[PDB]
Amino acid sequence: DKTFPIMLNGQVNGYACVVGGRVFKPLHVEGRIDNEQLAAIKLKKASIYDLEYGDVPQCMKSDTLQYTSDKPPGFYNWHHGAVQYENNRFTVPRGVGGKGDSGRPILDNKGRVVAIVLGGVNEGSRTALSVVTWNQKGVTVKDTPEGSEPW
Amino acid sequence: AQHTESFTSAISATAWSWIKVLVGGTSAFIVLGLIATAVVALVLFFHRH
């Protein structure tokens with residue numbers, strides 16, 4: 001996958017994901033993307049649904065495909081491990097869930113992105129992730145568990 | 001003058017219709033958007049679950 005991070009004062013505090021046609025970036029992080037082609041894009045602020053602008057030209061579109069409907073609750077891919085929940089997100093162990101790990105996509109077994117993490121630092125022995133997804137008909141929803149600090 | 005002058009002495013029927021349309025024009029447009037603001041908040045609440 002291709003996921004350009006976000007630089008601020010030398011450290012990495014967020015990640016920017018690219019889906020087919022559009023470029024994603026979390027609102028909670030501040031900084032400049034390392035891709036100079038992506039810096040000229042006029043990203044616009046929006047509501048909690050995290051709408052940005054895919055103003056990239058034709059030569060590199062459709063990097064990955066967003067996952068469609070008919071979601072099973074089985075195995076799913078993740079950068080730091082695996083998640084196995086559809087209605088919620090899985091209770092992943094420690095290590096993942098620190099700081100500056102926002103914007104990392106959650107992929108399927110065919111390489112299709114299903115969700116993008118935004119929060120849920122630590123909730124005890126079981127950590128829940130606050131992600132965005134599509135509920136039933138492709139309409140973008142935002143699911144947030146209780147006590148989900150911005151992560 | 002034998003009579004007395006009041007506040008609504010000079011207001012005619014055609015002039016009173018204009019100030020009740022212009023008042024009603026603002027009240028029609030305000031409640032049009034105020035209903036439509038809460039309509040999409042109901043769909044956005046129902047979109048999640």
# chains A, B, ... in the order shown; residues from 1 in each chain; ligands from 1

$ residues_around --residues "residue 24 in chain A" --least-positions-apart "2" --cutoff "8 Å" --atoms "only C-alpha atoms" --output "PyMOL selection string"
chain A and resi 16-19+22+26+50-53+103

$ write_last_selection --atoms "N, CA, C and O atoms" --output "JSON list (two decimals), in the first residue's frame"
[["chain", "number", "residue", "atom", "x", "y", "z"],
["A", 16, "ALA", "N", -1.62, 10.02, 6.09],
["A", 16, "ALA", "CA", -2.60, 10.38, 5.07],
["A", 16, "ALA", "C", -2.75, 9.21, 4.11],
["A", 16, "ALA", "O", -1.76, 8.77, 3.51],
["A", 17, "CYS", "N", -3.97, 8.72, 3.95],
["A", 17, "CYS", "CA", -4.25, 7.59, 3.09],
["A", 17, "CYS", "C", -4.85, 8.05, 1.76],
["A", 17, "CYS", "O", -5.48, 9.11, 1.67],
["A", 18, "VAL", "N", -4.62, 7.25, 0.73],
["A", 18, "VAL", "CA", -5.12, 7.52, -0.61],
["A", 18, "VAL", "C", -6.03, 6.37, -1.02],
["A", 18, "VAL", "O", -5.62, 5.20, -0.98],
["A", 19, "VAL", "N", -7.26, 6.70, -1.40],
["A", 19, "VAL", "CA", -8.20, 5.73, -1.95],
["A", 19, "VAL", "C", -8.40, 6.08, -3.42],
["A", 19, "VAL", "O", -7.78, 7.03, -3.91],
["A", 22, "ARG", "N", -9.61, 9.88, -4.42],
["A", 22, "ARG", "CA", -9.62, 10.87, -3.35],
["A", 22, "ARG", "C", -8.46, 10.63, -2.39],
["A", 22, "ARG", "O", -7.92, 9.53, -2.29],
["A", 26, "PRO", "N", -6.66, 13.15, 8.35],
["A", 26, "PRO", "CA", -7.39, 13.47, 9.58],
["A", 26, "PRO", "C", -7.32, 14.95, 9.91],
["A", 26, "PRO", "O", -6.31, 15.62, 9.69],
["A", 50, "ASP", "N", -15.18, 13.66, 7.57],
["A", 50, "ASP", "CA", -13.81, 13.84, 7.08],
["A", 50, "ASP", "C", -13.75, 13.87, 5.55],
["A", 50, "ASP", "O", -13.16, 13.01, 4.90],
["A", 51, "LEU", "N", -14.38, 14.90, 5.00],
["A", 51, "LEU", "CA", -14.38, 15.12, 3.56],
["A", 51, "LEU", "C", -13.16, 15.95, 3.17],
["A", 51, "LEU", "O", -12.95, 17.05, 3.71],
["A", 52, "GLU", "N", -12.35, 15.42, 2.25],
["A", 52, "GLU", "CA", -11.23, 16.17, 1.68],
["A", 52, "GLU", "C", -11.35, 16.17, 0.16],
["A", 52, "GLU", "O", -12.37, 15.74, -0.38],
["A", 53, "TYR", "N", -10.33, 16.66, -0.54],
["A", 53, "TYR", "CA", -10.38, 16.84, -1.98],
["A", 53, "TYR", "C", -9.36, 15.94, -2.67],
["A", 53, "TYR", "O", -8.18, 15.94, -2.31],
["A", 103, "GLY", "N", -4.95, 7.89, 10.99],
["A", 103, "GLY", "CA", -5.00, 7.89, 9.55],
["A", 103, "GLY", "C", -4.57, 6.60, 8.89],
["A", 103, "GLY", "O", -4.63, 6.51, 7.65]]

$ interface_residues --of "chain B" --to "chain A" --cutoff "9 Å" --atoms "only C-alpha atoms" --output "count of residues only"
4

$ atom_distance --atom1 "CA of residue 138 in chain A" --atom2 "CA of residue 115 in chain A"
12.3 Å

$ residues_around --residues "range 105-108 of chain A" --least-positions-apart "6" --cutoff "6 Å" --atoms "only C-alpha atoms" --output "ChimeraX atom specification"
/A:76-78,114-116

$ write_last_selection --atoms "N, CA, C and O atoms" --output "mmCIF file, in the first residue's frame"
data_model
loop_
_atom_site.group_PDB
_atom_site.id
_atom_site.type_symbol
_atom_site.label_atom_id
_atom_site.label_comp_id
_atom_site.auth_asym_id
_atom_site.auth_seq_id
_atom_site.Cartn_x
_atom_site.Cartn_y
_atom_site.Cartn_z
ATOM 1 N N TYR A 76 -9.573 -9.597 9.178
ATOM 2 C CA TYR A 76 -9.235 -8.380 8.450
ATOM 3 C C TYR A 76 -7.783 -8.014 8.716
ATOM 4 O O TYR A 76 -7.228 -8.330 9.771
ATOM 5 N N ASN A 77 -7.174 -7.340 7.744
ATOM 6 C CA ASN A 77 -5.768 -6.969 7.812
ATOM 7 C C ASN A 77 -5.591 -5.598 8.457
ATOM 8 O O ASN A 77 -6.468 -4.734 8.401
ATOM 9 N N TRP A 78 -4.425 -5.413 9.069
ATOM 10 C CA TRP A 78 -4.084 -4.189 9.778
ATOM 11 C C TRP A 78 -2.564 -4.083 9.784
ATOM 12 O O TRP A 78 -1.867 -5.094 9.668
ATOM 13 N N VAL A 114 -11.186 -0.831 4.415
ATOM 14 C CA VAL A 114 -12.501 -0.866 5.035
ATOM 15 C C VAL A 114 -12.715 0.313 5.978
ATOM 16 O O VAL A 114 -13.791 0.915 5.981
ATOM 17 N N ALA A 115 -11.708 0.665 6.776
ATOM 18 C CA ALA A 115 -11.884 1.696 7.788
ATOM 19 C C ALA A 115 -10.581 2.455 7.994
ATOM 20 O O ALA A 115 -9.496 1.978 7.650
ATOM 21 N N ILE A 116 -10.709 3.654 8.560
ATOM 22 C CA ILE A 116 -9.579 4.515 8.892
ATOM 23 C C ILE A 116 -9.686 4.879 10.367
ATOM 24 O O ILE A 116 -10.721 5.390 10.807
#

$ residues_around --residues "residue 118 in chain A" --least-positions-apart "3" --cutoff "9 Å" --atoms "only C-alpha atoms" --output "count of residues only"
14

$ atom_distance --atom1 "CA of residue 30 in chain A" --atom2 "CA of residue 8 in chain A"
7.2 Å

$ atom_distance --atom1 "CA of residue 37 in chain A" --atom2 "CA of residue 2 in chain A"
14.1 Å

$ residues_around --residues "residue 145 in chain A" --least-positions-apart "5" --cutoff "10 Å" --atoms "only C-alpha atoms" --output "ChimeraX atom specification"
/A:88-89,119-120,123,127-131

$ write_last_selection --atoms "C-alpha atoms" --output "PDB file, in the first residue's frame"
ATOM      1  CA  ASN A  88     -17.066  -2.743  16.374  1.00  0.00           C
ATOM      2  CA  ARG A  89     -13.282  -2.895  16.156  1.00  0.00           C
ATOM      3  CA  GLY A 119      -9.015   7.429  18.216  1.00  0.00           C
ATOM      4  CA  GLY A 120      -9.264   5.005  21.081  1.00  0.00           C
ATOM      5  CA  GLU A 123      -9.604   1.414  27.359  1.00  0.00           C
ATOM      6  CA  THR A 127      -8.881  -1.313  23.421  1.00  0.00           C
ATOM      7  CA  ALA A 128     -11.604  -0.128  21.037  1.00  0.00           C
ATOM      8  CA  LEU A 129     -10.848   1.875  17.890  1.00  0.00           C
ATOM      9  CA  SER A 130     -12.963   4.834  16.757  1.00  0.00           C
ATOM     10  CA  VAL A 131     -13.112   4.458  12.968  1.00  0.00           C
TER      11      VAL A 131
END

$ select_by_dssp --residues "chain A" --states "strand (DSSP E or B)" --output "JSON, numbers by chain"
{"A": [3, 4, 5, 6, 7, 8, 11, 12, 13, 14, 15, 16, 17, 18, 23, 32, 33, 66, 76, 77, 82, 83, 92, 105, 106, 107, 113, 114, 115, 116, 117, 118, 119, 127, 130, 131, 132, 133, 134, 140, 141, 142, 143, 150]}

$ write_last_selection --atoms "N, CA and C atoms" --output "short mmCIF file (atom, residue, chain, number, x, y, z; two decimals), in the first residue's frame"
data_model
loop_
_atom_site.label_atom_id
_atom_site.label_comp_id
_atom_site.auth_asym_id
_atom_site.auth_seq_id
_atom_site.Cartn_x
_atom_site.Cartn_y
_atom_site.Cartn_z
N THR A 3 0.93 4.98 1.59
CA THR A 3 0.36 5.82 2.65
C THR A 3 1.41 6.83 3.05
N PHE A 4 1.27 8.06 2.56
CA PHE A 4 2.23 9.11 2.87
C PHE A 4 1.94 9.70 4.25
N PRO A 5 2.93 9.80 5.13
CA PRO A 5 2.70 10.34 6.47
C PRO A 5 2.67 11.87 6.45
N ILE A 6 2.53 12.45 7.64
CA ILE A 6 2.44 13.89 7.82
C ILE A 6 3.54 14.33 8.77
N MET A 7 4.35 15.29 8.33
CA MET A 7 5.52 15.74 9.08
C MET A 7 5.22 17.06 9.79
N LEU A 8 5.62 17.15 11.05
CA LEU A 8 5.52 18.40 11.81
C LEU A 8 6.69 18.44 12.78
N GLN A 11 9.05 15.19 13.55
CA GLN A 11 8.42 13.95 13.98
C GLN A 11 7.17 13.67 13.15
N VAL A 12 6.72 12.42 13.20
CA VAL A 12 5.53 11.98 12.50
C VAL A 12 4.39 11.90 13.50
N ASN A 13 3.30 12.62 13.23
CA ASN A 13 2.16 12.66 14.12
C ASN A 13 0.86 12.22 13.46
N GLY A 14 0.90 11.83 12.19
CA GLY A 14 -0.30 11.38 11.51
C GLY A 14 0.05 10.76 10.18
N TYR A 15 -0.95 10.12 9.58
CA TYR A 15 -0.79 9.46 8.29
C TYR A 15 -1.93 9.86 7.37
N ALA A 16 -1.62 10.02 6.09
CA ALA A 16 -2.60 10.38 5.07
C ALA A 16 -2.75 9.21 4.11
N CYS A 17 -3.97 8.72 3.95
CA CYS A 17 -4.25 7.59 3.09
C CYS A 17 -4.85 8.05 1.76
N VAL A 18 -4.62 7.25 0.73
CA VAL A 18 -5.12 7.52 -0.61
C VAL A 18 -6.03 6.37 -1.02
N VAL A 23 -8.09 11.70 -1.68
CA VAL A 23 -6.98 11.69 -0.74
C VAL A 23 -7.54 12.02 0.64
N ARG A 32 2.35 19.16 7.17
CA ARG A 32 2.44 19.08 5.72
C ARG A 32 2.78 17.66 5.29
N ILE A 33 2.09 17.18 4.26
CA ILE A 33 2.37 15.86 3.70
C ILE A 33 3.70 15.90 2.96
N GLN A 66 -11.89 1.05 -2.19
CA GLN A 66 -12.60 1.00 -0.92
C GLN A 66 -13.57 -0.18 -0.89
N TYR A 76 -9.57 -9.60 9.18
CA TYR A 76 -9.23 -8.38 8.45
C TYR A 76 -7.78 -8.01 8.72
N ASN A 77 -7.17 -7.34 7.74
CA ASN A 77 -5.77 -6.97 7.81
C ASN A 77 -5.59 -5.60 8.46
N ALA A 82 -3.94 -7.62 13.40
CA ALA A 82 -5.18 -8.05 12.77
C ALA A 82 -6.36 -7.62 13.61
N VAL A 83 -7.48 -7.36 12.94
CA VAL A 83 -8.75 -7.05 13.59
C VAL A 83 -9.81 -8.01 13.07
N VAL A 92 -7.41 -5.07 20.10
CA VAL A 92 -6.02 -5.28 19.72
C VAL A 92 -5.14 -5.10 20.95
N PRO A 105 -4.98 3.10 7.36
CA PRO A 105 -6.15 2.37 6.88
C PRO A 105 -6.20 0.94 7.40
N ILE A 106 -7.40 0.37 7.35
CA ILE A 106 -7.64 -1.02 7.72
C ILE A 106 -8.09 -1.75 6.46
N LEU A 107 -7.29 -2.72 6.02
CA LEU A 107 -7.50 -3.37 4.74
C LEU A 107 -8.15 -4.75 4.92
N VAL A 113 -9.51 -1.32 1.38
CA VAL A 113 -9.57 -0.56 2.63
C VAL A 113 -11.00 -0.51 3.14
N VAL A 114 -11.19 -0.83 4.41
CA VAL A 114 -12.50 -0.87 5.03
C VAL A 114 -12.72 0.31 5.98
N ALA A 115 -11.71 0.66 6.78
CA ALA A 115 -11.88 1.70 7.79
C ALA A 115 -10.58 2.46 7.99
N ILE A 116 -10.71 3.65 8.56
CA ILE A 116 -9.58 4.52 8.89
C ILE A 116 -9.69 4.88 10.37
N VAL A 117 -8.62 4.62 11.13
CA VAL A 117 -8.64 4.83 12.57
C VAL A 117 -8.52 6.31 12.89
N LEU A 118 -9.17 6.73 13.99
CA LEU A 118 -9.07 8.11 14.47
C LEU A 118 -8.82 8.25 15.96
N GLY A 119 -9.14 7.25 16.78
CA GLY A 119 -9.02 7.43 18.22
C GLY A 119 -9.13 6.11 18.95
N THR A 127 -8.96 -2.61 24.07
CA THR A 127 -8.88 -1.31 23.42
C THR A 127 -9.79 -1.29 22.20
N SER A 130 -11.93 3.97 17.32
CA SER A 130 -12.96 4.83 16.76
C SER A 130 -12.63 5.07 15.29
N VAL A 131 -13.39 4.44 14.40
CA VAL A 131 -13.11 4.46 12.97
C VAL A 131 -14.33 5.01 12.23
N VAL A 132 -14.14 5.27 10.94
CA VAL A 132 -15.23 5.58 10.02
C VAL A 132 -15.37 4.42 9.05
N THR A 133 -16.61 4.20 8.60
CA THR A 133 -16.92 3.10 7.70
C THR A 133 -18.23 3.43 6.98
N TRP A 134 -18.74 2.46 6.23
CA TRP A 134 -20.04 2.55 5.58
C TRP A 134 -20.94 1.50 6.21
N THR A 140 -21.30 7.07 4.26
CA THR A 140 -20.19 7.15 5.20
C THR A 140 -20.70 7.50 6.59
N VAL A 141 -20.41 6.63 7.56
CA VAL A 141 -20.79 6.83 8.95
C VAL A 141 -19.52 6.91 9.80
N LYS A 142 -19.69 7.36 11.04
CA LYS A 142 -18.60 7.47 12.00
C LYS A 142 -19.02 6.79 13.29
N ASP A 143 -18.32 5.72 13.66
CA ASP A 143 -18.59 4.97 14.88
C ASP A 143 -17.53 5.31 15.92
N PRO A 150 -8.62 11.34 21.09
CA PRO A 150 -8.00 11.38 19.75
C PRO A 150 -6.62 10.75 19.70
#

$ select_by_dssp --residues "chain B" --states "alpha helix (DSSP H)" --output "VMD selection string"
chain B and resid 13 to 48

$ write_last_selection --atoms "C-alpha atoms" --output "PDB file, in the first residue's frame"
ATOM      1  CA  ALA B  13     -55.620  49.141   4.377  1.00  0.00           C
ATOM      2  CA  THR B  14     -53.244  48.864   1.410  1.00  0.00           C
ATOM      3  CA  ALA B  15     -50.310  50.087   3.512  1.00  0.00           C
ATOM      4  CA  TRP B  16     -51.117  47.633   6.316  1.00  0.00           C
ATOM      5  CA  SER B  17     -51.055  44.767   3.807  1.00  0.00           C
ATOM      6  CA  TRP B  18     -47.486  45.631   2.777  1.00  0.00           C
ATOM      7  CA  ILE B  19     -46.111  45.551   6.337  1.00  0.00           C
ATOM      8  CA  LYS B  20     -47.842  42.213   6.984  1.00  0.00           C
ATOM      9  CA  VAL B  21     -46.412  40.654   3.810  1.00  0.00           C
ATOM     10  CA  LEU B  22     -42.843  41.873   4.437  1.00  0.00           C
ATOM     11  CA  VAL B  23     -43.058  40.604   8.021  1.00  0.00           C
ATOM     12  CA  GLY B  24     -44.512  37.344   6.690  1.00  0.00           C
ATOM     13  CA  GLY B  25     -41.832  37.110   3.999  1.00  0.00           C
ATOM     14  CA  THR B  26     -39.053  36.956   6.599  1.00  0.00           C
ATOM     15  CA  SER B  27     -40.991  34.514   8.790  1.00  0.00           C
ATOM     16  CA  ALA B  28     -41.571  32.183   5.830  1.00  0.00           C
ATOM     17  CA  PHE B  29     -37.888  32.022   4.861  1.00  0.00           C
ATOM     18  CA  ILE B  30     -36.644  31.646   8.453  1.00  0.00           C
ATOM     19  CA  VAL B  31     -38.813  28.622   9.292  1.00  0.00           C
ATOM     20  CA  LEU B  32     -38.046  27.093   5.886  1.00  0.00           C
ATOM     21  CA  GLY B  33     -34.346  26.787   6.689  1.00  0.00           C
ATOM     22  CA  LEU B  34     -34.843  26.086  10.398  1.00  0.00           C
ATOM     23  CA  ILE B  35     -36.965  23.032   9.582  1.00  0.00           C
ATOM     24  CA  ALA B  36     -34.487  21.956   6.885  1.00  0.00           C
ATOM     25  CA  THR B  37     -31.575  22.320   9.323  1.00  0.00           C
ATOM     26  CA  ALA B  38     -33.178  19.840  11.733  1.00  0.00           C
ATOM     27  CA  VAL B  39     -34.348  17.554   8.904  1.00  0.00           C
ATOM     28  CA  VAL B  40     -30.821  16.588   7.825  1.00  0.00           C
ATOM     29  CA  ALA B  41     -29.754  16.207  11.461  1.00  0.00           C
ATOM     30  CA  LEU B  42     -32.455  13.536  11.759  1.00  0.00           C
ATOM     31  CA  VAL B  43     -31.132  11.700   8.689  1.00  0.00           C
ATOM     32  CA  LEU B  44     -27.540  12.004   9.944  1.00  0.00           C
ATOM     33  CA  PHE B  45     -28.654  10.570  13.289  1.00  0.00           C
ATOM     34  CA  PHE B  46     -30.502   7.768  11.478  1.00  0.00           C
ATOM     35  CA  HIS B  47     -27.589   7.099   9.099  1.00  0.00           C
ATOM     36  CA  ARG B  48     -25.398   5.679  11.879  1.00  0.00           C
TER      37      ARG B  48
END

$ decode --residues "range 21-42 of chain B" --atoms "N, CA and C atoms" --output "PDB file, in the first residue's frame"
ATOM      1  N   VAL B  21     -47.039  41.567   4.758  1.00  0.00           N
ATOM      2  CA  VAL B  21     -46.412  40.654   3.810  1.00  0.00           C
ATOM      3  C   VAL B  21     -44.903  40.620   4.025  1.00  0.00           C
ATOM      4  N   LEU B  22     -44.285  41.793   4.209  1.00  0.00           N
ATOM      5  CA  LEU B  22     -42.843  41.873   4.437  1.00  0.00           C
ATOM      6  C   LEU B  22     -42.436  41.240   5.762  1.00  0.00           C
ATOM      7  N   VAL B  23     -43.281  41.353   6.789  1.00  0.00           N
ATOM      8  CA  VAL B  23     -43.058  40.604   8.021  1.00  0.00           C
ATOM      9  C   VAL B  23     -43.237  39.109   7.768  1.00  0.00           C
ATOM     10  N   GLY B  24     -44.275  38.740   7.013  1.00  0.00           N
ATOM     11  CA  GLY B  24     -44.512  37.344   6.690  1.00  0.00           C
ATOM     12  C   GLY B  24     -43.544  36.763   5.680  1.00  0.00           C
ATOM     13  N   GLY B  25     -42.844  37.612   4.923  1.00  0.00           N
ATOM     14  CA  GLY B  25     -41.832  37.110   3.999  1.00  0.00           C
ATOM     15  C   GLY B  25     -40.587  36.647   4.745  1.00  0.00           C
ATOM     16  N   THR B  26     -40.196  37.374   5.795  1.00  0.00           N
ATOM     17  CA  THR B  26     -39.053  36.956   6.599  1.00  0.00           C
ATOM     18  C   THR B  26     -39.382  35.741   7.454  1.00  0.00           C
ATOM     19  N   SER B  27     -40.615  35.650   7.956  1.00  0.00           N
ATOM     20  CA  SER B  27     -40.991  34.514   8.790  1.00  0.00           C
ATOM     21  C   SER B  27     -41.151  33.239   7.971  1.00  0.00           C
ATOM     22  N   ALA B  28     -41.463  33.365   6.679  1.00  0.00           N
ATOM     23  CA  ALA B  28     -41.571  32.183   5.830  1.00  0.00           C
ATOM     24  C   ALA B  28     -40.198  31.615   5.496  1.00  0.00           C
ATOM     25  N   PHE B  29     -39.223  32.484   5.225  1.00  0.00           N
ATOM     26  CA  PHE B  29     -37.888  32.022   4.861  1.00  0.00           C
ATOM     27  C   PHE B  29     -37.094  31.532   6.067  1.00  0.00           C
ATOM     28  N   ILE B  30     -37.381  32.057   7.261  1.00  0.00           N
ATOM     29  CA  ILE B  30     -36.644  31.646   8.453  1.00  0.00           C
ATOM     30  C   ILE B  30     -37.046  30.235   8.870  1.00  0.00           C
ATOM     31  N   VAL B  31     -38.353  29.956   8.908  1.00  0.00           N
ATOM     32  CA  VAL B  31     -38.813  28.622   9.292  1.00  0.00           C
ATOM     33  C   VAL B  31     -38.653  27.600   8.179  1.00  0.00           C
ATOM     34  N   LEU B  32     -38.368  28.038   6.950  1.00  0.00           N
ATOM     35  CA  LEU B  32     -38.046  27.093   5.886  1.00  0.00           C
ATOM     36  C   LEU B  32     -36.674  26.472   6.111  1.00  0.00           C
ATOM     37  N   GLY B  33     -35.678  27.302   6.429  1.00  0.00           N
ATOM     38  CA  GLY B  33     -34.346  26.787   6.689  1.00  0.00           C
ATOM     39  C   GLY B  33     -34.186  26.160   8.056  1.00  0.00           C
ATOM     40  N   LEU B  34     -34.940  26.640   9.050  1.00  0.00           N
ATOM     41  CA  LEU B  34     -34.843  26.086  10.398  1.00  0.00           C
ATOM     42  C   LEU B  34     -35.418  24.678  10.472  1.00  0.00           C
ATOM     43  N   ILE B  35     -36.470  24.399   9.701  1.00  0.00           N
ATOM     44  CA  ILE B  35     -36.965  23.032   9.582  1.00  0.00           C
ATOM     45  C   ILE B  35     -35.959  22.173   8.825  1.00  0.00           C
ATOM     46  N   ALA B  36     -35.429  22.700   7.715  1.00  0.00           N
ATOM     47  CA  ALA B  36     -34.487  21.956   6.885  1.00  0.00           C
ATOM     48  C   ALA B  36     -33.137  21.745   7.561  1.00  0.00           C
ATOM     49  N   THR B  37     -32.785  22.573   8.548  1.00  0.00           N
ATOM     50  CA  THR B  37     -31.575  22.320   9.323  1.00  0.00           C
ATOM     51  C   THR B  37     -31.749  21.104  10.226  1.00  0.00           C
ATOM     52  N   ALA B  38     -32.916  20.976  10.860  1.00  0.00           N
ATOM     53  CA  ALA B  38     -33.178  19.840  11.733  1.00  0.00           C
ATOM     54  C   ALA B  38     -33.600  18.592  10.971  1.00  0.00           C
ATOM     55  N   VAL B  39     -33.969  18.723   9.694  1.00  0.00           N
ATOM     56  CA  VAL B  39     -34.348  17.554   8.904  1.00  0.00           C
ATOM     57  C   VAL B  39     -33.120  16.701   8.594  1.00  0.00           C
ATOM     58  N   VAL B  40     -32.025  17.338   8.168  1.00  0.00           N
ATOM     59  CA  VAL B  40     -30.821  16.588   7.825  1.00  0.00           C
ATOM     60  C   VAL B  40     -30.088  16.097   9.065  1.00  0.00           C
ATOM     61  N   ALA B  41     -30.303  16.736  10.218  1.00  0.00           N
ATOM     62  CA  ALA B  41     -29.754  16.207  11.461  1.00  0.00           C
ATOM     63  C   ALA B  41     -30.475  14.935  11.889  1.00  0.00           C
ATOM     64  N   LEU B  42     -31.736  14.775  11.483  1.00  0.00           N
ATOM     65  CA  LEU B  42     -32.455  13.536  11.759  1.00  0.00           C
ATOM     66  C   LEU B  42     -31.969  12.406  10.860  1.00  0.00           C
TER      67      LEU B  42
END
